[PDB]
Number of protein chains: 2
Amino acid sequence: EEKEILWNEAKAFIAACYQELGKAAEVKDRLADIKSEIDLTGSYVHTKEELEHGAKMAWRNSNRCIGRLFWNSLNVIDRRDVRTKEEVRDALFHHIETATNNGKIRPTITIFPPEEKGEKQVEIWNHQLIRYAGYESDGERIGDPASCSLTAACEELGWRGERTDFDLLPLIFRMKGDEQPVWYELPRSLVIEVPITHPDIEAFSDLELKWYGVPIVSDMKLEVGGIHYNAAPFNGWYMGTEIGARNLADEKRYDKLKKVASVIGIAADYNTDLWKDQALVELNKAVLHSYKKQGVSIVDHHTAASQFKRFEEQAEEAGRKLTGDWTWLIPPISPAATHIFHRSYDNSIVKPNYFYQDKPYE
Amino acid sequence: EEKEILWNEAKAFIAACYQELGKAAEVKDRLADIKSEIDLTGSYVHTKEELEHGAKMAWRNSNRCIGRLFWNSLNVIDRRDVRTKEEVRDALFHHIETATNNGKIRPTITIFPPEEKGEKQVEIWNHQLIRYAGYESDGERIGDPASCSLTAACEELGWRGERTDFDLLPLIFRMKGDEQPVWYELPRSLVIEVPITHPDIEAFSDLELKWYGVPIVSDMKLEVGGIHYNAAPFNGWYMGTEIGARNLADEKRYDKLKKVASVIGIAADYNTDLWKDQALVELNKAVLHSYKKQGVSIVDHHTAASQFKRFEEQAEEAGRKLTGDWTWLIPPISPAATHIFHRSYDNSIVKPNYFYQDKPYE
Ligand code: HEM
Ligand code: HEM
Ligand SMILES: Cc1cc(N)nc(-c2ccc(CNCCc3cccc(F)c3)cc2)c1
Ligand SMILES: Cc1cc(N)nc(-c2ccc(CNCCc3cccc(F)c3)cc2)c1
Ligand SMILES: C[C@H](O)[C@H](O)[C@H]1CNc2nc(N)[nH]c(=O)c2N1
Ligand SMILES: C[C@H](O)[C@H](O)[C@H]1CNc2nc(N)[nH]c(=O)c2N1
Ligand SMILES: [Cl-]
Ligand SMILES: [Cl-]
């Protein structure tokens, strides 16, 4: 029935994996046992080596990611042994700690048990492990509007946020068998935050802006060789523009450009003054400066693009087809200043890969 | 043979044209005669009304153009009567004058005789009627590199440029029957140029930057109802970013960002300083300021995007499908600050339209 599609994707993944690993002769025998195990059990189990390389291939294949140069040094943590919510919680806690690494961020992924019959063993509700709540009630807007629905779902479960603009959401996830997810408050000792100051303009601190150190995406599905790891949070370090040009700048997010314009001392009255553009630049300089000053890893969009160029060169020379999403790879500020803007990319989907999946709330 | 495809496109265009013009009942009779005229002659001739509306529909359908809100007030000049190179030259001269309009730019198109049997009556070599030459010889780079090949072709024809960074190319075009194009120097009295100064930073004039007032694209084909107007130059006013973010900024164009960084007094040493982004913003403020100060029409990318939003609303309410090229509609600076960035567009080709065509040089 579905062993068909499972077997096909297994054949493709194992062949490619073992080839890249220099283990091409072990394929037919490895494929043999797998083909067998699928018949009796309806599935198969990745070795640690396969799972680790699959996770790395998935990152390499993420069309929208500019950071892909470092795909091969991803730190893979195999947590397929977890059975309890305490183990899940502690695995998420450790991921935060080890990835943060006192500010010298380690690109890391923690992999939980995969879907069995399409049945989730663990269902993580958070978009990112560290993320700020958002509230909207009777005209009143607080925090991160992108978090409004998860925040409301959290508050249905007994949690209550302090309603600052930067409430840390609890971890929230559901175990197979349980009807409701559980939630656990984040130990603040584990969460590095960076207050936003500007190198030249002292008044910038009057904005009282901050962001969290480590983006840890926890709601995408890792697909490896027909196996569906629906719960597999992964992190890197930020590209400054994600914070300065979007999270803090978008009208539907924190919407800070008018306030930025004010503290840097320019008028926000005329489009021709390009006050939004100027504000975007100073806000983005502030973000890079602040992360650097605090000893927290971050990359600017120019360096990131230069790295991606090397990713392109590396692919070609390894004889691998390159795929990418131009509309996502271009940075939201000065895009024509990067080589990305001036070439095209094939947006084909190659597996292994990370995929969106339906949210349990909403 | 090809009367087939000609008749099909005629049927589609006339129906749509006459409908939009409120002349739906005149269609079948108009279509009748056209169907007849195609049989005897192999072609058909647009009335002035049809040609004018077709040109406007072509602009409305240009997926890559952010300026489309004003499609319906395009000024159409019908020059299908020209027979001689003197008439062509004088028609091009007049187009420049009337479109410029002392700085209050009028979006205008001059339409020359269409292709007959696929045979061009008039073949315009210029990319734009007003454009700067470019030279590259023995390491030495002068002027606009995008113009290198046309400039070389011009210099094969007896013309010689002064080799400043802003040599105005002559008009160059070929008449049916002639083996070589002719060229005519531009009367400087007709060409408005704008020196680039900055509102706040006096040193900016040390760069001695300038650009021409009016972009007049002269190498695209207007297609209307199966008729191919290969020679039909059209102009609007500039969006500032075309000049400040591309023509003056691209490494393969005038490459001025390092010099901009210097005169505005910032270092150009570290990517994390975002010095390119800052330079782009000040250069783009300078361009808008300078055009405004001189009384020459121009639009900033924010106003232009707001206008385009109205173009979208106007389309919907008129029951017309909207088409666009997202990768071209987004401006090359602060794109995420415009609504364009945050929605998608169907990039389907609708006719009438303007099309690239093969260059006669090169
Ligand atoms: C090491 C530093 C990294 C940087 C600077 C980086 C940069 C980025 C950026 C800027 C985006 C766009 C996000 C957005 O605009 O919403 C992105 C998307 C993405 N990145 Fe990376 N990334 C990094 C590491 C990683 C890692 C470790 C993985 C997984 C193993 C990964 C997989 C992805 C995926 C799947 C997306 C697409 C998310 C979506 O479509 O919503 N990246 N990356
Ligand atoms: C009125 C002011 C106008 C503005 C501000 C404007 C703006 C623009 C801009 C910024 C581009 C992108 C060019 C590039 O990046 O290389 C563009 C492309 C285009 N515009 Fe407009 N435009 C205007 C008027 C017109 C008119 C009058 C027509 C024709 C009747 C036209 C047809 C087009 C076409 C065909 C393109 C695509 C050129 C290509 O693909 O290379 N536009 N427009
Ligand atoms: C590993 C990693 C590093 C880094 N610097 N950034 C990320 C990251 C950031 C944001 C996102 C989220 N992208 C958008 C998801 C989305 C898509 C559609 C609608 C929405 F509201 C939200 C994914 C990955 C991931
Ligand atoms: C009417 C009008 C107004 C305005 N503001 N801009 C233009 C305009 C500007 C530039 C262009 C040229 N676009 C790129 C053509 C091209 C395409 C591919 C390769 C190349 F080297 C050049 C076309 C229209 C046209
Ligand atoms: C409509 C458009 O495709 C969409 O809003 C995209 C555009 N490019 C993007 N690129 C990145 N990196 N992140 C985004 O959220 C978006 N938004
Ligand atoms: C590769 C890419 O499609 C191409 O270089 C485009 C990108 N978007 C653009 N958009 C505009 N307006 N003008 C351009 O020249 C380009 N270049
Ligand atoms: Cl984020
Ligand atoms: Cl131009």
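For segment A:176-201, the set of residues classified as without any contact (Cβ under 8 Å) to a residue 60 or more places away in the chain and among the hydroxyl-bearing types (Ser, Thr, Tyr) consists of A:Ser189 only. On the stretch given as segment A:324-349, residues that are surrounded by fewer than 18 Cβ atoms within 10 Å (Cβ to Cβ) and touching a residue at least 24 places away in the same chain (Cβ under 8 Å) total 8.
Scanning segment B:239-254 for residues that are away from ligand 4 (no atom under 14 Å from the Cβ) and away from every other protein chain (no Cβ under 12 Å) turns up just one, B:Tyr254.
Quick one: which residue in A:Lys252, A:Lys292, A:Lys256, A:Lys285 is under 30 Å from A:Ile77 (Cα atoms) and basic (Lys, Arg)?
Going through A:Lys252, A:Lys292, A:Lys256, A:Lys285 in turn, just one is under 30 Å from A:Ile77 (Cα atoms) and basic (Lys, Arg): A:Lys292.
Filtered by the rule that a residue be within 21 Å of the chain's Cα centre (by Cα) and either surrounded by fewer than 16 Cβ atoms within 10 Å (Cβ to Cβ) or not assigned by CATH to the domain that holds A:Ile96 (or both), segment A:166-186 gives a lone residue, A:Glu185.
Taken over segment A:249-258, the criterion of being crowded, with 19+ Cβ neighbours inside 10 Å and touching a residue at least 40 places away in the same chain (Cβ under 8 Å) is satisfied by A:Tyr254, A:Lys256.
For segment A:219-240, name all the residues that are more than 10 Å from ligand 3 (Cβ to nearest atom) and not charged (D, E, K, R). Answer for segment A:219-240, where residues must be more than 10 Å from ligand 3 (Cβ to nearest atom) and not charged (D, E, K, R): A:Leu222, A:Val224, A:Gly225, A:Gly226, A:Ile227, A:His228, A:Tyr229, A:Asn230, A:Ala231, A:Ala232.
Checking the stated criteria, A:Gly213 turns out to be touching a residue at least 24 places away in the same chain (Cβ under 8 Å), under 28 Å from A:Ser297 (Cα atoms) and touching a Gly at 6+ places or on another chain (Cβ under 8 Å). Taken over segment A:19-37, residues that are more than 25 Å from A:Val76 (Cα to Cα) and either of a type in the set (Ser, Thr, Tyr) or touching a residue at least 24 places away in the same chain (Cβ under 8 Å) (or both) amount to 2.
When A:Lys309 is tested against (1) in contact (Cβ under 8 Å) with a residue 40 or more places away in the chain; (2) over 21 Å from A:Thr197 (Cα atoms); (3) out of contact with any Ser or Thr (no Cβ under 8 Å at 6 or more places or on another chain), just one condition goes unmet, and that condition is (1). Counting only helices (runs of 4 or more DSSP H) that sit completely within segment B:255-361, those holding 3 or more residues that are more than 19 Å from the chain's Cα centre (by Cα) and within 14 Å of chain A (Cβ to nearest Cβ) correspond to B:257-263, B:275-294, B:301-317. Whenever a residue of segment B:1-17 is buried (at least 18 other Cβ atoms within 10 Å of the Cβ), its partners that are not in a helix (DSSP H, G or I), lying with C-beta atoms within less than 6 angstrom and at least six residues away or across chains, give the pairs B:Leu6/B:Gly226; B:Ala10/B:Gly225; B:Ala10/B:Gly226; B:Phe13/B:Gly225. A:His342 meets the conditions (1) outside the structural domain of A:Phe13 (by CATH); (2) within 30 Å of A:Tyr229 (Cα to Cα) in every case but one. The failed one is (2).
Residues to consider are A:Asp255, A:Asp250; find the one that is outside the structural domain of A:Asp144 (by CATH), within 13 Å of ligand 7 (Cβ to nearest atom) and of a type in the set (D, E, K, R). It is A:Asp250. Do we find that A:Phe308 is buried (at least 17 other Cβ atoms within 10 Å of the Cβ), within 16 Å of ligand 4 (Cβ to nearest atom) and over 28 Å from A:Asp200 (Cα atoms) in this structure? Considered against the rule, which asks whether it is buried (at least 17 other Cβ atoms within 10 Å of the Cβ), within 16 Å of ligand 4 (Cβ to nearest atom) and over 28 Å from A:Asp200 (Cα atoms), A:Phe308 comes out as no. Restricting attention to segment B:225-251, the residues being hydrophobic (A, V, I, L, M, F, W, C) and within 12 Å of ligand 2 (Cβ to nearest atom) number 6. Within segment A:219-251, the set of residues being more than 20 Å from the chain's Cα centre (by Cα) and either within 16 Å of ligand 6 (Cβ to nearest atom) or under 25 Å from A:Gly134 (Cα atoms) (or both) comprises just one member, A:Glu251.
When we count neighbours, we look across all protein chains shown, and the Cβ atoms used for this are built from the backbone with ideal geometry, even at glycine. Numbers and lists here come from the model and the stated rules, or from a named source; nothing here is a laboratory result.
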